[PDB]
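Working notes, beginning with the structure itself.
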Amino acid sequence: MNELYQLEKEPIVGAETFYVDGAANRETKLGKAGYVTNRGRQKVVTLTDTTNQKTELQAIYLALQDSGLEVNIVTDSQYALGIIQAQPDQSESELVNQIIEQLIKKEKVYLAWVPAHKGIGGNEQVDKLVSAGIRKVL
């Protein structure tokens, strides 16, 4: 049970695989954020005052919404990496707070991110055709 859920954030013994990634202009803290679960689900949301990593944090809540018990939350965010991993049930960022509460009523989500911007679940060397849109990730 740990603090408020099963501290995973790393390779899980055997949990469902989920994706999480959103693009929202950091400089303005706004844009889109969605996810795709192994059940073939796809959602999207707008960011408000949320940092680049928080854009993925909000989206993180998505993969955590239909996650279930134990899933693999693949999200590009070194911030969540720091907070979302540190049981942010009530620490630092406010987003991770909501994300954890949901993580509480479940098992565990493997949250990972490696220096880049195109390393998530299903991308296929393409995000959403960036045409100078105002949804760049810092």
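To be explicit about the labels: the chains of the structure tokens are called A, B, and onward in the order shown, and within each one the residues are counted from 1, while ligands get numbers from 1 in the order they are shown.
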
Exercise: residue 30 (chain A) partners within 9 Å, only C-alpha atoms, chain neighbours under 3 positions left out, as a list in words: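 That gives residues 23, 24, 25, 26, 27, 46, 47, 48, 49, 50, 51, 52, 55, 134 and 135 of chain A.
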
Dump N, CA, C and O atoms for the selected residues as a PDB file, in the first residue's frame?
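Listed below is the output, result23.pdb:
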ATOM      1  N   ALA A  23       0.546  18.032 -25.678  1.00  0.00           N
ATOM      2  CA  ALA A  23       1.323  19.170 -26.155  1.00  0.00           C
ATOM      3  C   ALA A  23       0.600  20.475 -25.871  1.00  0.00           C
ATOM      4  O   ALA A  23      -0.459  20.747 -26.433  1.00  0.00           O
ATOM      5  N   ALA A  24       1.194  21.276 -25.000  1.00  0.00           N
ATOM      6  CA  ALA A  24       0.640  22.560 -24.623  1.00  0.00           C
ATOM      7  C   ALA A  24       1.758  23.577 -24.458  1.00  0.00           C
ATOM      8  O   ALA A  24       2.698  23.355 -23.694  1.00  0.00           O
ATOM      9  N   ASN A  25       1.659  24.682 -25.184  1.00  0.00           N
ATOM     10  CA  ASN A  25       2.675  25.722 -25.121  1.00  0.00           C
ATOM     11  C   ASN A  25       2.962  26.116 -23.674  1.00  0.00           C
ATOM     12  O   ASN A  25       2.115  26.688 -22.995  1.00  0.00           O
ATOM     13  N   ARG A  26       4.165  25.787 -23.217  1.00  0.00           N
ATOM     14  CA  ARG A  26       4.593  26.080 -21.852  1.00  0.00           C
ATOM     15  C   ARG A  26       4.630  27.575 -21.575  1.00  0.00           C
ATOM     16  O   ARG A  26       4.112  28.044 -20.562  1.00  0.00           O
ATOM     17  N   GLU A  27       5.278  28.305 -22.471  1.00  0.00           N
ATOM     18  CA  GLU A  27       5.429  29.746 -22.339  1.00  0.00           C
ATOM     19  C   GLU A  27       4.099  30.416 -22.027  1.00  0.00           C
ATOM     20  O   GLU A  27       4.056  31.518 -21.480  1.00  0.00           O
ATOM     21  N   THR A  46      -7.436  20.555 -22.434  1.00  0.00           N
ATOM     22  CA  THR A  46      -6.715  21.818 -22.539  1.00  0.00           C
ATOM     23  C   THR A  46      -5.986  22.145 -21.241  1.00  0.00           C
ATOM     24  O   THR A  46      -6.510  21.921 -20.149  1.00  0.00           O
ATOM     25  N   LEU A  47      -4.773  22.671 -21.370  1.00  0.00           N
ATOM     26  CA  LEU A  47      -3.967  23.023 -20.204  1.00  0.00           C
ATOM     27  C   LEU A  47      -4.166  24.480 -19.800  1.00  0.00           C
ATOM     28  O   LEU A  47      -4.331  25.358 -20.648  1.00  0.00           O
ATOM     29  N   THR A  48      -4.147  24.722 -18.492  1.00  0.00           N
ATOM     30  CA  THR A  48      -4.321  26.063 -17.953  1.00  0.00           C
ATOM     31  C   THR A  48      -3.367  26.303 -16.788  1.00  0.00           C
ATOM     32  O   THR A  48      -3.503  25.690 -15.728  1.00  0.00           O
ATOM     33  N   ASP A  49      -2.396  27.192 -16.995  1.00  0.00           N
ATOM     34  CA  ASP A  49      -1.408  27.515 -15.969  1.00  0.00           C
ATOM     35  C   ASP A  49      -0.536  26.303 -15.646  1.00  0.00           C
ATOM     36  O   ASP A  49       0.260  26.333 -14.707  1.00  0.00           O
ATOM     37  N   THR A  50      -0.686  25.242 -16.436  1.00  0.00           N
ATOM     38  CA  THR A  50       0.092  24.023 -16.241  1.00  0.00           C
ATOM     39  C   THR A  50       1.392  24.070 -17.037  1.00  0.00           C
ATOM     40  O   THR A  50       1.392  24.405 -18.222  1.00  0.00           O
ATOM     41  N   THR A  51       2.498  23.727 -16.385  1.00  0.00           N
ATOM     42  CA  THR A  51       3.803  23.724 -17.039  1.00  0.00           C
ATOM     43  C   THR A  51       3.845  22.668 -18.133  1.00  0.00           C
ATOM     44  O   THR A  51       2.950  21.833 -18.219  1.00  0.00           O
ATOM     45  N   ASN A  52       4.886  22.707 -18.963  1.00  0.00           N
ATOM     46  CA  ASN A  52       5.025  21.744 -20.048  1.00  0.00           C
ATOM     47  C   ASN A  52       4.863  20.322 -19.519  1.00  0.00           C
ATOM     48  O   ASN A  52       4.061  19.536 -20.029  1.00  0.00           O
ATOM     49  N   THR A  55       1.516  19.558 -18.476  1.00  0.00           N
ATOM     50  CA  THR A  55       0.609  19.279 -19.581  1.00  0.00           C
ATOM     51  C   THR A  55       0.494  17.777 -19.719  1.00  0.00           C
ATOM     52  O   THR A  55      -0.579  17.235 -19.987  1.00  0.00           O
ATOM     53  N   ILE A 134       0.541  26.585 -31.345  1.00  0.00           N
ATOM     54  CA  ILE A 134       0.858  27.102 -30.020  1.00  0.00           C
ATOM     55  C   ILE A 134       0.671  26.018 -28.962  1.00  0.00           C
ATOM     56  O   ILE A 134      -0.043  26.206 -27.976  1.00  0.00           O
ATOM     57  N   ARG A 135       1.320  24.878 -29.181  1.00  0.00           N
ATOM     58  CA  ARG A 135       1.232  23.755 -28.257  1.00  0.00           C
ATOM     59  C   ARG A 135       2.584  23.061 -28.120  1.00  0.00           C
ATOM     60  O   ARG A 135       2.655  21.845 -27.941  1.00  0.00           O
TER      61      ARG A 135
END

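The protein and nucleic acid residues lying at most 8 Å from residue 18 (chain A) are residues 16, 20, 35, 36, 37, 38, 63, 67, 71, 72, 73, 74 and 121 of chain A, with only C-alpha atoms considered and sequence neighbours fewer than 2 positions away removed.
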
Export of prior selection with C-alpha atoms as a JSON list (two decimals), in the first residue's frame:
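Now in out04.json:
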[["chain", "number", "residue", "atom", "x", "y", "z"],
["A", 16, "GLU", "CA", -1.47, -3.14, -18.06],
["A", 20, "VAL", "CA", 0.17, 9.48, -21.86],
["A", 35, "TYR", "CA", -3.71, 9.42, -23.86],
["A", 36, "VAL", "CA", -4.28, 5.96, -25.30],
["A", 37, "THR", "CA", -4.88, 2.85, -23.21],
["A", 38, "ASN", "CA", -4.35, -0.76, -24.24],
["A", 63, "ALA", "CA", -4.13, 7.30, -18.44],
["A", 67, "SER", "CA", -6.00, 2.59, -15.92],
["A", 71, "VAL", "CA", -0.84, 0.05, -15.46],
["A", 72, "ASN", "CA", 2.18, 1.39, -17.29],
["A", 73, "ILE", "CA", 1.98, 5.16, -17.48],
["A", 74, "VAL", "CA", 4.31, 6.36, -20.19],
["A", 121, "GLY", "CA", 3.47, 4.73, -26.00]]

Go ahead and compute the interatomic distance for CA of residue 118 (chain A) and CA of residue 82 (chain A), in Å to one decimal.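 That distance, rounded to one decimal, is 19.4 Å.
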
For residue 17 (chain A), which of A:116, A:126, A:109, A:83 is the closest residue, counting only C-alpha atoms? A:109

Using only C-alpha atoms, which residues sit within 7 Å of residue 57 (chain A) once same-chain residues fewer than 2 positions away are excluded, as a PDB file with N, CA, C and O atoms, in the first residue's frame?
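File out.pdb, as written:
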ATOM      1  N   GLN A  53       5.622  20.004 -18.480  1.00  0.00           N
ATOM      2  CA  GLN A  53       5.555  18.687 -17.875  1.00  0.00           C
ATOM      3  C   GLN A  53       4.190  18.468 -17.238  1.00  0.00           C
ATOM      4  O   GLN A  53       3.692  17.343 -17.192  1.00  0.00           O
ATOM      5  N   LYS A  54       3.576  19.554 -16.766  1.00  0.00           N
ATOM      6  CA  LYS A  54       2.254  19.464 -16.162  1.00  0.00           C
ATOM      7  C   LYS A  54       1.222  19.165 -17.236  1.00  0.00           C
ATOM      8  O   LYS A  54       0.191  18.562 -16.958  1.00  0.00           O
ATOM      9  N   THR A  55       1.516  19.558 -18.476  1.00  0.00           N
ATOM     10  CA  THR A  55       0.609  19.279 -19.581  1.00  0.00           C
ATOM     11  C   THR A  55       0.494  17.777 -19.719  1.00  0.00           C
ATOM     12  O   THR A  55      -0.579  17.235 -19.987  1.00  0.00           O
ATOM     13  N   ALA A  59      -2.579  15.066 -18.616  1.00  0.00           N
ATOM     14  CA  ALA A  59      -2.826  13.925 -19.472  1.00  0.00           C
ATOM     15  C   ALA A  59      -2.585  12.650 -18.679  1.00  0.00           C
ATOM     16  O   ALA A  59      -3.282  11.655 -18.857  1.00  0.00           O
ATOM     17  N   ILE A  60      -1.598  12.703 -17.782  1.00  0.00           N
ATOM     18  CA  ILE A  60      -1.270  11.563 -16.931  1.00  0.00           C
ATOM     19  C   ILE A  60      -2.524  11.100 -16.204  1.00  0.00           C
ATOM     20  O   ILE A  60      -2.819   9.907 -16.141  1.00  0.00           O
ATOM     21  N   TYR A  61      -3.270  12.067 -15.683  1.00  0.00           N
ATOM     22  CA  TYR A  61      -4.516  11.786 -14.986  1.00  0.00           C
ATOM     23  C   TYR A  61      -5.447  10.982 -15.893  1.00  0.00           C
ATOM     24  O   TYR A  61      -6.238  10.169 -15.419  1.00  0.00           O
ATOM     25  N   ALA A  80       6.782  15.443 -13.319  1.00  0.00           N
ATOM     26  CA  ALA A  80       5.978  14.397 -12.716  1.00  0.00           C
ATOM     27  C   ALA A  80       6.937  13.344 -12.199  1.00  0.00           C
ATOM     28  O   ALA A  80       6.776  12.798 -11.111  1.00  0.00           O
ATOM     29  N   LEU A  95      -1.566  19.367  -9.743  1.00  0.00           N
ATOM     30  CA  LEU A  95      -2.026  18.376 -10.700  1.00  0.00           C
ATOM     31  C   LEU A  95      -1.767  16.971 -10.191  1.00  0.00           C
ATOM     32  O   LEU A  95      -2.682  16.153 -10.090  1.00  0.00           O
ATOM     33  N   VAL A  96      -0.507  16.703  -9.875  1.00  0.00           N
ATOM     34  CA  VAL A  96      -0.108  15.398  -9.380  1.00  0.00           C
ATOM     35  C   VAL A  96      -0.980  14.976  -8.208  1.00  0.00           C
ATOM     36  O   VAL A  96      -1.196  13.788  -7.984  1.00  0.00           O
TER      37      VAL A  96
END
